[PDB]
């Protein structure tokens, strides 16, 4: 199976390398990037992200509900366009399909 857990790890590395301040919104605020895998808050969040990717691919994802929840953290369209670029890099690094269509579905509600 596509190793979405590894893709997601590379996604967050890309995302917080380019936009370190985004990490302040998470329960692993302030944690060194090379230590995220040892942080309990990160382990839970990355698992949720992996679950959402599998739901989007499996056809059950609630993109409107995910967008609304991100709006609820003052995360919007600009951040998701940046996420699109970071996910494209993470997917390419693993020879995984791109997640641009799933991220566009979220963007359609932002």
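Positions refer to the first chain, counted from 1.
Looking at mean Cα B-factors across 35-43 and 81-89, the upper value is held by 81-89. Per-stretch averaging of Cα B factors for 60-68 and 46-54 places 60-68 on top. Ranked by C-alpha B-factor against the other modelled residues of its chain, residue 110 falls in the highest third. Annotation for residue 96: CA B-factor lies in the highest third of the chain's modelled residues. In the deposited entry, the Cα temperature factor of residue 2 places it in the highest third of its chain's modelled residues. Looking at the C-alpha B-factors along this chain, the one for residue 18 belongs to the middle third.
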